[PDB]
Structures are given as structure tokens and as C-alpha cells.
$ cat start.txt   # compact mmCIF, C-alpha atoms
# COMPACT_ATOMS: atom_id res chain seq x y z
CA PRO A 1 -47.71 61.45 215.56
CA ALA A 2 -44.66 60.65 217.69
CA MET A 3 -44.40 63.53 220.14
CA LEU A 4 -48.12 62.87 220.56
CA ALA A 5 -46.77 59.48 221.66
CA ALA A 6 -44.03 61.27 223.59
CA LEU A 7 -46.71 63.61 224.91
CA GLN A 8 -48.85 60.65 225.96
CA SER A 9 -46.11 58.77 227.80
CA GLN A 10 -42.53 58.96 229.02
CA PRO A 11 -43.06 61.63 231.78
CA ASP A 12 -33.97 62.52 230.31
CA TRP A 13 -30.61 62.10 232.01
CA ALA A 14 -28.75 65.21 230.83
CA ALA A 15 -31.50 67.33 232.37
CA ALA A 16 -31.03 65.35 235.61
CA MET A 17 -27.23 65.52 235.87
CA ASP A 18 -27.52 69.14 234.79
CA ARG A 19 -29.62 69.91 237.87
CA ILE A 20 -28.08 67.71 240.60
CA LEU A 21 -24.66 68.96 239.52
CA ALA A 22 -26.22 72.43 239.73
CA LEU A 23 -25.31 73.43 236.18
CA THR A 24 -28.67 74.98 235.26
CA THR A 25 -29.16 78.72 234.71
CA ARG A 26 -32.36 80.03 236.32
CA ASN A 27 -32.24 78.48 239.79
CA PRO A 28 -29.02 76.51 240.40
CA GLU A 29 -29.91 76.32 244.10
CA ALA A 30 -32.79 73.97 243.40
CA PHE A 31 -31.69 70.38 243.94
CA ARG A 32 -29.54 71.22 246.96
CA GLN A 33 -32.51 72.27 249.08
CA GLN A 34 -34.75 69.23 248.59
CA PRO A 35 -35.12 66.75 251.46
CA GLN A 36 -32.10 64.52 251.79
CA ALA A 37 -34.33 61.67 250.64
CA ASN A 38 -34.87 63.08 247.13
CA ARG A 39 -31.24 64.12 246.79
CA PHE A 40 -30.34 60.47 247.43
CA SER A 41 -32.96 59.26 244.95
CA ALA A 42 -31.78 61.41 242.09
CA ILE A 43 -27.99 61.10 242.54
CA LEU A 44 -28.09 57.32 242.16
CA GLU A 45 -29.77 57.86 238.79
CA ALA A 46 -27.23 60.05 237.01
CA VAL A 47 -24.51 57.87 238.51
CA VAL A 48 -25.84 54.53 237.24
CA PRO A 49 -28.81 55.15 234.93
CA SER A 50 -31.63 52.60 235.04
CA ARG A 51 -32.57 50.85 231.82
CA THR A 52 -35.96 51.24 230.14
CA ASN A 53 -38.32 49.22 227.92
CA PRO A 54 -39.42 51.33 224.97
CA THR A 55 -41.71 48.91 223.15
CA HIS A 56 -45.01 50.32 224.40
CA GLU A 57 -43.96 53.87 223.65
CA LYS A 58 -43.07 53.40 219.99
CA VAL A 59 -45.92 50.95 219.56
CA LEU A 60 -48.11 53.78 220.80
CA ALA A 61 -46.18 55.82 218.29
CA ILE A 62 -47.59 53.59 215.55
CA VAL A 63 -51.23 53.51 216.66
CA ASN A 64 -51.35 57.28 216.94
CA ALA A 65 -50.25 57.21 213.32
CA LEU A 66 -52.76 54.72 211.93
CA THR A 67 -55.76 56.39 213.59
CA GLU A 68 -54.63 59.73 212.20
CA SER A 69 -54.55 58.63 208.62
CA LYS A 70 -57.53 56.50 208.87
CA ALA A 71 -57.19 52.94 209.39
CA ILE A 72 -58.10 51.70 212.98
CA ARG A 73 -61.00 54.02 213.94
CA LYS A 74 -60.57 56.37 216.88
CA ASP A 75 -62.61 54.07 219.12
CA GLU A 76 -60.72 50.87 218.27
CA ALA A 77 -57.26 51.90 219.45
CA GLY A 78 -57.74 49.78 222.55
CA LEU A 79 -57.95 46.50 220.65
CA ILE A 80 -55.43 47.43 217.98
CA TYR A 81 -52.95 48.53 220.65
CA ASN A 82 -53.27 45.36 222.70
CA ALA A 83 -53.09 43.20 219.57
CA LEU A 84 -49.98 44.98 218.29
CA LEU A 85 -48.34 44.82 221.70
CA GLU A 86 -49.02 41.11 222.11
CA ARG A 87 -47.78 40.31 218.60
CA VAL A 88 -44.65 42.35 219.24
CA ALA A 89 -44.51 40.86 222.72
CA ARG A 90 -44.31 37.39 221.20
CA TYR A 91 -42.11 37.45 218.23
CA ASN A 92 -40.08 40.30 219.87
CA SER A 93 -36.34 40.41 219.43
CA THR A 94 -33.77 42.70 218.24
CA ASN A 95 -35.42 41.71 215.08
CA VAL A 96 -38.78 43.24 215.56
CA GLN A 97 -37.81 45.70 218.34
CA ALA A 98 -35.88 47.35 215.72
CA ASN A 99 -38.11 46.88 212.80
CA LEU A 100 -40.46 48.91 214.81
CA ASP A 101 -38.00 51.66 215.47
CA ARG A 102 -37.56 52.18 211.74
CA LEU A 103 -41.31 52.17 211.14
CA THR A 104 -41.94 54.74 213.86
CA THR A 105 -39.08 57.01 212.78
CA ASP A 106 -40.10 56.83 209.12
CA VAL A 107 -43.89 57.02 209.25
CA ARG A 108 -43.65 60.40 210.99
CA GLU A 109 -41.07 61.50 208.39
CA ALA A 110 -42.54 59.89 205.28
CA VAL A 111 -45.57 62.13 205.72
CA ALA A 112 -44.52 64.44 202.90
CA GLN A 113 -46.48 62.40 200.37
CA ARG A 114 -49.51 62.70 202.63
CA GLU A 115 -48.87 66.44 202.69
CA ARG A 116 -48.57 66.38 198.90
CA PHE A 117 -51.77 64.34 198.81
CA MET A 118 -53.49 67.43 200.23
CA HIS A 119 -51.43 70.12 198.47
CA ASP A 120 -52.16 69.26 194.84
CA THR A 121 -55.11 67.00 195.62
CA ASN A 122 -53.21 64.37 193.64
CA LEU A 123 -55.49 61.79 195.23
CA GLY A 124 -58.89 62.43 193.70
CA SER A 125 -58.52 65.59 191.67
CA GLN A 126 -55.84 65.14 189.03
CA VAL A 127 -55.64 61.34 189.04
CA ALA A 128 -59.41 61.30 188.63
CA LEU A 129 -59.53 64.17 186.13
CA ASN A 130 -56.53 62.92 184.16
CA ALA A 131 -58.55 59.72 184.08
CA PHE A 132 -61.78 61.40 183.00
CA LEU A 133 -60.00 63.40 180.32
CA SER A 134 -58.98 59.96 179.01
CA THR A 135 -62.67 58.96 178.84
CA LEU A 136 -63.56 62.07 176.85
CA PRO A 137 -64.00 61.73 173.09
CA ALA A 138 -60.92 61.90 170.94
CA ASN A 139 -59.15 65.22 171.44
CA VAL A 140 -60.19 66.36 167.96
CA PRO A 141 -63.73 67.78 168.22
CA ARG A 142 -65.24 68.82 164.91
CA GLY A 143 -66.15 72.49 165.25
CA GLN A 144 -63.26 74.16 167.06
CA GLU A 145 -60.17 73.45 169.11
CA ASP A 146 -60.92 75.94 171.83
CA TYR A 147 -61.70 72.56 173.43
CA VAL A 148 -58.15 72.12 174.70
CA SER A 149 -58.02 75.53 176.35
CA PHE A 150 -61.21 74.77 178.27
CA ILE A 151 -60.09 71.27 179.21
CA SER A 152 -56.82 72.75 180.49
CA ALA A 153 -58.60 75.43 182.49
CA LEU A 154 -60.39 72.53 184.15
CA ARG A 155 -57.10 70.94 185.22
CA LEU A 156 -55.78 74.28 186.44
CA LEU A 157 -58.94 74.81 188.50
CA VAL A 158 -58.68 71.39 190.09
CA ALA A 159 -54.96 71.90 190.79
CA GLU A 160 -55.18 75.42 192.23
CA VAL A 161 -58.18 74.98 194.53
CA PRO A 162 -57.07 72.35 197.05
CA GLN A 163 -60.13 73.05 199.20
CA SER A 164 -61.72 69.79 198.23
CA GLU A 165 -62.56 69.87 194.50
CA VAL A 166 -62.88 66.09 194.61
CA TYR A 167 -63.66 64.32 191.35
CA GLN A 168 -65.78 61.28 192.15
CA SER A 169 -66.57 58.67 189.69
CA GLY A 170 -70.11 58.26 191.12
CA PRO A 171 -70.90 55.61 188.50
CA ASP A 172 -70.68 56.05 184.79
CA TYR A 173 -70.37 59.86 184.84
CA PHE A 174 -67.55 61.58 186.62
CA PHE A 175 -68.84 64.61 188.73
CA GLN A 176 -66.88 67.74 189.88
CA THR A 177 -67.37 69.11 193.36
CA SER A 178 -66.67 72.73 194.24
CA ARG A 179 -66.19 72.01 197.96
CA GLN A 180 -66.59 69.28 200.58
CA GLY A 181 -69.87 71.05 201.28
CA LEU A 182 -70.72 70.06 197.71
CA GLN A 183 -73.45 72.63 197.02
CA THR A 184 -72.26 73.06 193.45
CA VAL A 185 -72.08 69.44 192.33
CA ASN A 186 -71.84 69.71 188.55
CA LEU A 187 -71.89 66.65 186.35
CA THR A 188 -68.76 66.34 184.25
CA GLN A 189 -70.02 63.56 181.98
CA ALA A 190 -72.97 65.82 181.24
CA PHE A 191 -70.88 68.37 179.41
CA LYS A 192 -70.91 66.04 176.45
CA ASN A 193 -73.45 68.71 175.64
CA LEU A 194 -70.73 71.10 175.16
CA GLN A 195 -69.24 68.85 172.38
CA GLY A 196 -71.80 70.66 170.51
CA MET A 197 -71.20 74.33 170.84
CA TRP A 198 -67.39 73.83 170.87
CA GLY A 199 -67.31 76.22 168.06
CA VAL A 200 -70.12 78.36 167.10
CA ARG A 201 -70.95 82.07 166.84
CA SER A 202 -80.53 78.13 175.30
CA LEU A 203 -79.29 74.60 174.65
CA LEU A 204 -77.02 74.70 177.71
CA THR A 205 -78.73 73.12 180.65
CA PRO A 206 -77.47 75.06 183.69
CA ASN A 207 -75.38 72.02 184.60
CA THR A 208 -73.17 73.12 181.74
CA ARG A 209 -73.82 76.68 182.88
CA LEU A 210 -72.73 75.58 186.34
CA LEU A 211 -69.40 74.31 185.00
CA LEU A 212 -68.90 77.52 183.05
CA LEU A 213 -69.59 79.67 186.10
CA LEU A 214 -67.35 77.38 188.15
CA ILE A 215 -64.23 77.66 185.99
CA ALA A 216 -64.74 81.11 184.41
CA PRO A 217 -62.57 82.89 187.00
CA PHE A 218 -59.65 80.82 185.72
CA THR A 219 -60.13 81.93 182.12
CA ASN A 220 -58.44 85.03 180.66
CA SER A 221 -57.94 85.27 176.89
CA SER A 222 -58.05 81.51 176.57
CA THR A 223 -61.38 80.25 175.51
CA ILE A 224 -61.36 82.99 173.03
CA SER A 225 -62.76 85.33 170.39
CA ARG A 226 -66.43 85.42 169.72
CA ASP A 227 -66.23 81.71 169.61
CA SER A 228 -69.83 81.83 170.23
CA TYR A 229 -71.56 81.31 173.27
CA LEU A 230 -68.68 79.40 174.83
CA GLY A 231 -66.70 82.40 174.25
CA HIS A 232 -68.78 85.13 175.44
CA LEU A 233 -70.54 83.30 178.16
CA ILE A 234 -67.26 82.71 179.76
CA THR A 235 -66.48 86.42 179.45
CA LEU A 236 -69.96 87.38 180.67
CA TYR A 237 -69.64 84.98 183.61
CA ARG A 238 -66.33 86.58 184.52
CA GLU A 239 -67.94 90.02 184.21
CA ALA A 240 -70.75 88.85 186.48
CA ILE A 241 -68.19 87.51 188.96
CA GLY A 242 -66.49 90.89 189.10
CA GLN A 243 -69.83 92.63 189.49
CA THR A 244 -70.72 90.13 192.21
CA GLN A 245 -67.56 91.02 194.11
CA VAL A 246 -68.49 94.69 193.71
CA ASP A 247 -72.02 94.09 194.95
CA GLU A 248 -70.77 91.94 197.83
CA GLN A 249 -68.55 94.68 199.20
CA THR A 250 -71.31 97.20 198.50
CA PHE A 251 -73.90 95.21 200.44
CA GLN A 252 -71.58 94.70 203.40
CA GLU A 253 -70.93 98.45 203.39
CA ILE A 254 -74.63 99.33 203.13
CA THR A 255 -75.53 96.93 205.94
CA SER A 256 -72.70 98.29 208.09
CA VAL A 257 -74.01 101.84 207.57
CA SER A 258 -77.22 100.64 209.22
CA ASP A 259 -85.15 94.25 205.89
CA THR A 260 -84.56 93.55 202.20
CA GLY A 261 -83.31 97.03 201.39
CA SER A 262 -79.92 96.64 199.75
CA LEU A 263 -80.91 93.28 198.28
CA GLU A 264 -83.36 95.10 196.00
CA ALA A 265 -81.15 97.81 194.50
CA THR A 266 -78.21 95.43 194.26
CA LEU A 267 -79.87 92.46 192.59
CA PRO B 1 -63.43 92.33 268.12
CA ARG B 2 -60.48 92.70 265.67
CA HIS B 3 -58.23 90.24 263.87
CA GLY B 4 -56.00 91.63 261.12
CA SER B 5 -53.13 89.04 261.60
CA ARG B 6 -50.21 88.49 259.08
CA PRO B 7 -48.40 85.97 257.01
CA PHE B 8 -50.18 85.78 253.67
CA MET B 9 -48.23 85.89 250.38
CA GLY B 10 -49.61 82.25 249.97
CA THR B 11 -47.81 79.11 251.27
CA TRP B 12 -44.97 76.80 250.24
CA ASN B 13 -45.12 73.00 250.55
CA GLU B 14 -42.68 73.26 247.70
CA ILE B 15 -42.72 70.76 244.91
CA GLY B 16 -40.39 68.26 243.33
CA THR B 17 -42.47 66.47 245.99
CA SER B 18 -45.80 67.49 247.63
CA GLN B 19 -47.89 68.48 250.67
CA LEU B 20 -47.94 67.63 254.45
CA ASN B 21 -50.72 66.12 256.78
CA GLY B 22 -50.58 62.99 254.58
CA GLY B 23 -53.78 62.88 252.75
CA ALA B 24 -54.23 59.25 253.88
CA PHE B 25 -52.04 57.37 256.29
CA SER B 26 -52.51 57.12 260.04
CA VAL C 1 -41.63 63.85 252.17
CA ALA C 2 -40.67 65.76 255.34
CA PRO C 3 -38.06 68.34 255.43
CA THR C 4 -34.66 67.34 256.62
CA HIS C 5 -31.73 68.71 258.39
CA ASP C 6 -32.70 72.30 258.44
CA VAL C 7 -35.74 72.17 260.62
CA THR C 8 -35.09 70.35 263.80
CA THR C 9 -31.80 69.93 265.68
CA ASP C 10 -29.56 67.10 266.85
CA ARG C 11 -28.14 69.05 269.78
CA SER C 12 -29.82 68.14 273.05
CA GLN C 13 -32.56 70.74 273.33
CA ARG C 14 -35.44 70.35 275.75
CA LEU C 15 -39.18 70.38 275.13
CA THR C 16 -40.62 70.89 278.63
CA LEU C 17 -38.55 73.01 281.02
CA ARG C 18 -39.32 73.52 284.68
CA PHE C 19 -38.73 77.01 286.04
CA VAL C 20 -38.89 76.56 289.83
CA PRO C 21 -39.85 79.93 291.37
CA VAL C 22 -36.96 82.28 292.08
CA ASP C 23 -38.65 84.50 294.67
CA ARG C 24 -42.08 84.24 296.30
CA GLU C 25 -43.14 87.29 298.29
CA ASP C 26 -46.67 87.42 299.70
CA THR C 27 -49.59 89.26 301.28
CA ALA C 28 -53.11 88.43 302.44
CA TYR C 29 -55.08 89.33 299.30
CA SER C 30 -52.34 88.61 296.78
CA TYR C 31 -49.51 86.46 295.49
CA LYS C 32 -46.12 87.40 294.02
CA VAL C 33 -43.89 84.94 292.18
CA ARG C 34 -40.85 86.01 290.16
CA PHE C 35 -39.33 83.37 287.91
CA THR C 36 -36.24 83.96 285.79
CA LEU C 37 -37.32 82.72 282.39
CA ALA C 38 -34.28 81.41 280.52
CA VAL C 39 -34.75 80.94 276.79
CA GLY C 40 -31.39 79.25 276.40
CA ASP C 41 -29.56 80.11 273.19
CA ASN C 42 -30.55 79.53 269.57
CA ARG C 43 -33.84 78.40 271.04
CA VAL C 44 -36.98 80.35 270.21
CA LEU C 45 -39.75 80.26 272.80
CA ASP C 46 -43.25 81.41 271.88
CA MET C 47 -45.02 82.81 274.92
CA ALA C 48 -48.18 80.80 274.21
CA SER C 49 -46.31 77.63 275.20
$ encode --input "start.txt" --output "C-alpha cells"
Amino acid sequence: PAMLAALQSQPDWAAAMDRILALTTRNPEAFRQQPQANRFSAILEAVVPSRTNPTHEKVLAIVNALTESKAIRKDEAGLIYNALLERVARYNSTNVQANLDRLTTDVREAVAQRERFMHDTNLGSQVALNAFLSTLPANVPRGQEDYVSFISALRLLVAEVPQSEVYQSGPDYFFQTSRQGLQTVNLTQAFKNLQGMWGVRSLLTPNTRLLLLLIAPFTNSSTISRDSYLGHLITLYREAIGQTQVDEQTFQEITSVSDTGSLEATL
Amino acid sequence: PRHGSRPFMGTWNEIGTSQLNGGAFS
Amino acid sequence: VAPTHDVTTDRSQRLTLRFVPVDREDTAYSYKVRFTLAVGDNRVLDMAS
């Protein structure tokens, strides 16, 4: 967000007194040959460099930052830029003209948090979930305490699938997405229909089934035993996921050999 | 009628500055 | 920008040079003139001129 300001403005002096002096490597005999007008319009630069006025540049180094995180929309950085320039062209001083400098050489460096924001989704995945888990009932359900293993598999899923896995709080009911596409929106305040079977050995509306199928991959010997339903189903969903991988590769193979066809004797 | 004729590895008008006839300027 | 000192010359060259005829023989149906073309030195004349 700065070199995009460098690569939007500011067309050096070492590179100029490295060429006039003929200290380059590839073609030293470069500056000598130019017309004796250029060679007298580049020698009086690396002999008495001309000052500059950097405000615009680093101000453009701030706009290109805002509009890349999300404030000032892409189409408004022609009013924001003028407004910022005129503000910093009023109150300017070594005061502000520096306070910028720090802002521009910190905003491009203090981007690690932003990177973190999208590397553990600690923006709407764990802060939301670790909020929703605090809206759950007490952590002592009656039947079993396979509860905690499931509720931890949920956190692991949300933390190890950065894709989007956003956890909205679309009003009273917090709902889990499986991707920004969102074609597996399962309601996470509607598994207070699993605070039923948390411990037993057709009452699951697929919404609950959707959550089970969504996390299952991330369950191993955790939700465990023959803890009824919740146990097996998870195991059966994992088995079905493996079989689905098998059938996926099989169908690609059988359609690369060559119409419903494979879809029948696969499904 | 025959032409052939030589001189064609391109042209120079080298840079660091650009072409001749002027573009626009009596 | 034009090219400088390396294509032109400050020494007094000439642009249009007379070559008054050296020898002019003759006949009825003909005409012989023999000039002595001098291309100076370091000059480069192209015949088309």
C-alpha cells in the first residue's frame, strides 16, 4: 500500500551519479553518448540535488491504504484525497508533515494484525463462537459430557478452515457458514436440539444433521463410544465422507475414460 | 522492376529522449 | 533533442561546390565535357547530389 503509492507516483540520486559518473555495469558508455544538452541537464542534478515536496506522495500512501481495508470506497478516493491534502496543506508543519510519515510507515507495517485477522479468522469466527459458546446452556448437560468434545471440535473447525467460516449473529440465533458462498448455512442456535441426545444409545432435523456432516471430518475418537446416535452418526458421516471421496475420484476416472451413467452405479 | 534495397535491422532514435520530425512544432 | 557534436562539423566545409569544366572537346552530333570531381577529404559525397 506504499509501493503502490511509489508505483503511482515519483517516476533517485545514487542511480543518477552512478550513471553520469559511468559506474554502472551493463552499459557504462550510456550517459556519455547522449546529446550535450541532456549531459548538462543531468550533471547539475548530482552536483546540487533539487529539493522535493513529498506530502502528496505519502498522502497518496494513506488513501491507498484506507481504500484497501475498506473505509473510503474505491470511487471516493478523489474527494478523500483532496480533503486530506487540503487539511494537511493547512495545518501543515514539521508537526503534521511528520505525523504523516509515521502513519504511512506504520500502516504498511502494522498490517500483521490484519493478516492475523484472516489467518485465524479471529474477527468473526472465534470471537463470535467464543461468544456463542458463552450463550450456550451451562457446560453441564444432564445426559453426557461428550458435549465438550463436540463443542471443541466446533472451535477447531472454525479455527482450521479460514476460508470464510463466518459466524454471524443474524439476530437471536448465531448461524455457522461453511463458506462465503454460504450454501451450507446451518443454524447454531438450533442445535439446542442436540441438548437432547447428548447422551443416549429421527428427532434430528437435518439442520442438526447439517452441523454433524459439517464437523464430522474433524472428529476422530472424540465424540465417542456408542454414545448413541451422536456417536455413531458422527462415525457414519465420516465413513460417508470417505466413501464420497472414493466415489468422487471414481466418477472423475469413469468420465475421463469416456449421460447419467456413472451417477447411477455410484449413488 | 526490382527493389530489394538494404538497411533494416529496425531504427534508432535512441531514448533517454525521443524521436525526430517534431511531432508538432513548425 | 538533436544529436550533437558527432554529426555535423565546425570545420569550414561547403554545401554547393562548382566544378567548372576541365576540358570540353566537341563534334557535330555530340558533346564531351570532362570535369575533375574533387570530393575533398573526410567529406562524403553521394552521387545523387
$ residues_around --input "start.txt" --residues "residue 157 (chain A)" --least-positions-apart "6" --cutoff "12 Å" --atoms "only C-alpha atoms" --output "list in words"
residues 120, 121, 125, 126, 129, 150, 151, 163, 164, 165, 166, 167, 176, 177, 178, 211, 212, 213, 214, 215, 216, 217, 218 and 219 of chain A
$ interface_residues --input "start.txt" --of "chain B" --to "chain C" --cutoff "9 Å" --atoms "only C-alpha atoms" --output "VMD selection string"
chain B and resid 17 to 20
$ closest_atom_pairs --input "start.txt" --of "chain A" --to "chain C" --cutoff "12 Å" --atoms "all atoms listed in the file" --output "tab-separated table"
residue	atom	partner	partner_atom	distance
A:32	CA	C:4	CA	11.6
A:33	CA	C:4	CA	9.3
A:34	CA	C:3	CA	7.7
A:35	CA	C:3	CA	5.2
A:36	CA	C:4	CA	6.2
A:37	CA	C:1	CA	7.8
A:38	CA	C:1	CA	8.5
A:39	CA	C:4	CA	10.9
$ axis_aligned_box --input "start.txt" --around "region 167-180 of chain A" --padding-each-side "6 Å" --output "lines of an AutoDock Vina configuration file"
center_x = -67.3
center_y = 64.2
center_z = 192.7
size_x = 19.2
size_y = 29.1
size_z = 27.8
$ atom_distance --input "start.txt" --atom1 "CA of residue 207 (chain A)" --atom2 "CA of residue 221 (chain A)"
23.2 Å
$ closest_residue --input "start.txt" --among "A:21, A:110, A:30, A:118" --to "chain B" --atoms "only C-alpha atoms"
A:30
$ interface_residues --input "start.txt" --of "chain B" --to "chain A" --cutoff "9 Å" --atoms "all atoms listed in the file" --output "PDB file with C-alpha atoms, in the coordinates of the input"
ATOM      1  CA  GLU B  14     -42.680  73.260 247.700  1.00  0.00           C
ATOM      2  CA  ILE B  15     -42.720  70.760 244.910  1.00  0.00           C
ATOM      3  CA  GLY B  16     -40.390  68.260 243.330  1.00  0.00           C
ATOM      4  CA  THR B  17     -42.470  66.470 245.990  1.00  0.00           C
TER       5      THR B  17
END
$ atom_distance --input "start.txt" --atom1 "CA of residue 180 (chain A)" --atom2 "CA of residue 68 (chain A)"
19.2 Å
$ residues_around --input "start.txt" --residues "residue 119 (chain A)" --least-positions-apart "2" --cutoff "12 Å" --atoms "only C-alpha atoms" --output "number ranges by chain"
A: 112-117, 121-126, 158-165
$ atom_distance --input "start.txt" --atom1 "CA of residue 133 (chain A)" --atom2 "CA of residue 236 (chain A)"
26.0 Å
$ closest_residue --input "start.txt" --among "A:223, A:55, A:169, A:202" --to "residue 127 (chain A)" --atoms "all atoms listed in the file"
A:169
$ residues_around --input "start.txt" --residues "residue 14 (chain C)" --least-positions-apart "3" --cutoff "12 Å" --atoms "only C-alpha atoms" --output "PyMOL selection string"
chain C and resi 8-11+17-18+39-41+43-45
$ build_atoms --input "start.txt" --residues "region 25-49 of chain C" --atoms "N, CA, C and O atoms" --output "PDB file, keeping the file's coordinate frame"
ATOM      1  N   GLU C  25     -42.667  86.414 297.226  1.00  0.00           N
ATOM      2  CA  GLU C  25     -43.140  87.290 298.290  1.00  0.00           C
ATOM      3  C   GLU C  25     -44.611  86.979 298.525  1.00  0.00           C
ATOM      4  O   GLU C  25     -45.147  86.054 297.913  1.00  0.00           O
ATOM      5  N   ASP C  26     -45.278  87.731 299.397  1.00  0.00           N
ATOM      6  CA  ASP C  26     -46.670  87.420 299.700  1.00  0.00           C
ATOM      7  C   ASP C  26     -47.436  88.586 300.304  1.00  0.00           C
ATOM      8  O   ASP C  26     -46.887  89.669 300.529  1.00  0.00           O
ATOM      9  N   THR C  27     -48.727  88.362 300.529  1.00  0.00           N
ATOM     10  CA  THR C  27     -49.590  89.260 301.280  1.00  0.00           C
ATOM     11  C   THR C  27     -50.819  88.465 301.697  1.00  0.00           C
ATOM     12  O   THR C  27     -50.812  87.233 301.616  1.00  0.00           O
ATOM     13  N   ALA C  28     -51.874  89.135 302.147  1.00  0.00           N
ATOM     14  CA  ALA C  28     -53.110  88.430 302.440  1.00  0.00           C
ATOM     15  C   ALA C  28     -53.921  88.247 301.161  1.00  0.00           C
ATOM     16  O   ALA C  28     -54.229  87.118 300.767  1.00  0.00           O
ATOM     17  N   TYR C  29     -54.268  89.354 300.513  1.00  0.00           N
ATOM     18  CA  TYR C  29     -55.080  89.330 299.300  1.00  0.00           C
ATOM     19  C   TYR C  29     -54.229  89.358 298.039  1.00  0.00           C
ATOM     20  O   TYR C  29     -54.531  90.111 297.111  1.00  0.00           O
ATOM     21  N   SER C  30     -53.195  88.529 297.957  1.00  0.00           N
ATOM     22  CA  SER C  30     -52.340  88.610 296.780  1.00  0.00           C
ATOM     23  C   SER C  30     -51.298  87.515 296.748  1.00  0.00           C
ATOM     24  O   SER C  30     -51.246  86.662 297.639  1.00  0.00           O
ATOM     25  N   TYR C  31     -50.474  87.522 295.705  1.00  0.00           N
ATOM     26  CA  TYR C  31     -49.510  86.460 295.490  1.00  0.00           C
ATOM     27  C   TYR C  31     -48.456  86.899 294.486  1.00  0.00           C
ATOM     28  O   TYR C  31     -48.782  87.174 293.327  1.00  0.00           O
ATOM     29  N   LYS C  32     -47.200  86.986 294.906  1.00  0.00           N
ATOM     30  CA  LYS C  32     -46.120  87.400 294.020  1.00  0.00           C
ATOM     31  C   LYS C  32     -45.143  86.253 293.817  1.00  0.00           C
ATOM     32  O   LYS C  32     -44.607  85.705 294.785  1.00  0.00           O
ATOM     33  N   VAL C  33     -44.917  85.896 292.560  1.00  0.00           N
ATOM     34  CA  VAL C  33     -43.890  84.940 292.180  1.00  0.00           C
ATOM     35  C   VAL C  33     -43.071  85.542 291.050  1.00  0.00           C
ATOM     36  O   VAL C  33     -43.623  86.074 290.081  1.00  0.00           O
ATOM     37  N   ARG C  34     -41.749  85.472 291.177  1.00  0.00           N
ATOM     38  CA  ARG C  34     -40.850  86.010 290.160  1.00  0.00           C
ATOM     39  C   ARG C  34     -39.923  84.895 289.686  1.00  0.00           C
ATOM     40  O   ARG C  34     -38.926  84.589 290.345  1.00  0.00           O
ATOM     41  N   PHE C  35     -40.249  84.298 288.547  1.00  0.00           N
ATOM     42  CA  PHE C  35     -39.330  83.370 287.910  1.00  0.00           C
ATOM     43  C   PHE C  35     -38.280  84.134 287.124  1.00  0.00           C
ATOM     44  O   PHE C  35     -38.383  85.343 286.904  1.00  0.00           O
ATOM     45  N   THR C  36     -37.248  83.419 286.693  1.00  0.00           N
ATOM     46  CA  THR C  36     -36.240  83.960 285.790  1.00  0.00           C
ATOM     47  C   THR C  36     -36.268  83.117 284.523  1.00  0.00           C
ATOM     48  O   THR C  36     -35.503  82.169 284.354  1.00  0.00           O
ATOM     49  N   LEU C  37     -37.169  83.478 283.616  1.00  0.00           N
ATOM     50  CA  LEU C  37     -37.320  82.720 282.390  1.00  0.00           C
ATOM     51  C   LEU C  37     -36.000  82.723 281.640  1.00  0.00           C
ATOM     52  O   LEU C  37     -35.425  83.786 281.390  1.00  0.00           O
ATOM     53  N   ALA C  38     -35.507  81.539 281.292  1.00  0.00           N
ATOM     54  CA  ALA C  38     -34.280  81.410 280.520  1.00  0.00           C
ATOM     55  C   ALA C  38     -34.639  80.747 279.200  1.00  0.00           C
ATOM     56  O   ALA C  38     -35.150  79.624 279.189  1.00  0.00           O
ATOM     57  N   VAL C  39     -34.372  81.436 278.098  1.00  0.00           N
ATOM     58  CA  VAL C  39     -34.750  80.940 276.790  1.00  0.00           C
ATOM     59  C   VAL C  39     -33.534  80.321 276.119  1.00  0.00           C
ATOM     60  O   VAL C  39     -33.468  80.217 274.889  1.00  0.00           O
ATOM     61  N   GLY C  40     -32.560  79.913 276.925  1.00  0.00           N
ATOM     62  CA  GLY C  40     -31.390  79.250 276.400  1.00  0.00           C
ATOM     63  C   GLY C  40     -30.695  80.072 275.339  1.00  0.00           C
ATOM     64  O   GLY C  40     -30.618  81.298 275.452  1.00  0.00           O
ATOM     65  N   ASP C  41     -30.196  79.414 274.298  1.00  0.00           N
ATOM     66  CA  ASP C  41     -29.560  80.110 273.190  1.00  0.00           C
ATOM     67  C   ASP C  41     -29.814  79.352 271.902  1.00  0.00           C
ATOM     68  O   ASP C  41     -29.710  78.124 271.856  1.00  0.00           O
ATOM     69  N   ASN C  42     -30.152  80.101 270.853  1.00  0.00           N
ATOM     70  CA  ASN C  42     -30.550  79.530 269.570  1.00  0.00           C
ATOM     71  C   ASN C  42     -31.908  78.854 269.673  1.00  0.00           C
ATOM     72  O   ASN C  42     -32.458  78.396 268.668  1.00  0.00           O
ATOM     73  N   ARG C  43     -32.460  78.795 270.876  1.00  0.00           N
ATOM     74  CA  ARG C  43     -33.840  78.400 271.040  1.00  0.00           C
ATOM     75  C   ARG C  43     -34.750  79.581 270.730  1.00  0.00           C
ATOM     76  O   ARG C  43     -34.334  80.742 270.762  1.00  0.00           O
ATOM     77  N   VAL C  44     -36.004  79.285 270.418  1.00  0.00           N
ATOM     78  CA  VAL C  44     -36.980  80.350 270.210  1.00  0.00           C
ATOM     79  C   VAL C  44     -38.285  79.956 270.873  1.00  0.00           C
ATOM     80  O   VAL C  44     -39.055  79.152 270.340  1.00  0.00           O
ATOM     81  N   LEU C  45     -38.541  80.526 272.043  1.00  0.00           N
ATOM     82  CA  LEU C  45     -39.750  80.260 272.800  1.00  0.00           C
ATOM     83  C   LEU C  45     -40.861  81.188 272.351  1.00  0.00           C
ATOM     84  O   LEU C  45     -40.649  82.397 272.227  1.00  0.00           O
ATOM     85  N   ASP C  46     -42.044  80.628 272.125  1.00  0.00           N
ATOM     86  CA  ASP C  46     -43.250  81.410 271.880  1.00  0.00           C
ATOM     87  C   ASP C  46     -44.046  81.443 273.173  1.00  0.00           C
ATOM     88  O   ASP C  46     -44.331  80.392 273.756  1.00  0.00           O
ATOM     89  N   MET C  47     -44.415  82.646 273.608  1.00  0.00           N
ATOM     90  CA  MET C  47     -45.020  82.810 274.920  1.00  0.00           C
ATOM     91  C   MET C  47     -46.217  81.891 275.123  1.00  0.00           C
ATOM     92  O   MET C  47     -46.426  81.399 276.235  1.00  0.00           O
ATOM     93  N   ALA C  48     -46.988  81.626 274.068  1.00  0.00           N
ATOM     94  CA  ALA C  48     -48.180  80.800 274.210  1.00  0.00           C
ATOM     95  C   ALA C  48     -47.869  79.434 274.805  1.00  0.00           C
ATOM     96  O   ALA C  48     -48.738  78.856 275.464  1.00  0.00           O
ATOM     97  N   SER C  49     -46.665  78.909 274.592  1.00  0.00           N
ATOM     98  CA  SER C  49     -46.310  77.630 275.200  1.00  0.00           C
ATOM     99  C   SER C  49     -46.355  77.715 276.714  1.00  0.00           C
ATOM    100  O   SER C  49     -46.836  76.797 277.384  1.00  0.00           O
TER     101      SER C  49
END
